[PDB]
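All remarks here apply to the structure that follows.
Numbering (the working numbering), first residue to last: 440 to 556.
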């Protein structure tokens, strides 16, 4: 009954294991992002104990990329705005990124896919 647990209610499971959950807030149009494309995005990332994004916004899907973010982008279409929840396996894991991100944190990302080429 954390809020993130509540939000995860009825979200789309793109990964199969509930590790990457998605809510489309505005649909795009046309083709889905290609497996190695270079996307143009605006993103914000959130942790639950915080009231500000922990991180706020071109991107090649060679970059050392957040796994949840990569799988998320692959599900998106141009013009789309979606919110995602990444469980620890798809985010920062057991280690986290101390002291900013604790061990075993589910993070929330809002991503807007402006374009990809």
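Virtual Cβ for every residue (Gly too), placed ideally from N, Cα, C.
Exposed or buried, what is residue 464 when buried is set at 16 or more other beta-carbons lying within 10 Å of its beta-carbon?
The residue labelled residue 464 in the question sits at position 25 within the chain shown. So residue 464 counts as exposed.
Since residue 495 sits in a beta bridge, which residues does DSSP pair it with?
Locating residue 495 in the chain shown gives position 56, counting from the first residue. Per DSSP, 483.
Residues near residue 480 by beta carbon distance below 8 Å, same chain, minus five either side
Here residue 480 corresponds to residue number 41 of the chain shown, with the count starting at 1. Taken in chain order, the residues that qualify are 496, 498, 512, 550, 551, 552 and 553.
Evaluate residue 519 with the Cβ neighbour count: other Cβ atoms within 10 Å of its Cβ, from every protein chain shown; 16 or more gives buried, anything less gives exposed.
By one-based count along the chain shown, residue 519 stands at place 80. Buried, since its Cβ has 16 or more Cβ neighbours within 10 Å.
For a test of the three-state rule: what should DSSP assign to residue 445, helix, strand or coil?
Taking the chain shown and counting its residues from 1, the one referred to as residue 445 is at position 6. Note: residue 445 maps to helix in three-state DSSP.
Where do the ends of the beta strand (DSSP E) carrying residue 547 lie?
On the chain shown, position 108 is the one that residue 547 refers to. For residue 547, the uninterrupted beta strand (DSSP E) segment begins and ends at 546-555.
Quick one: what does DSSP say residue 498 is sitting in, helix, strand or coil?
Reading the chain shown from its first residue, position 59 is the one you call residue 498. Here residue 498 sits in strand by DSSP.
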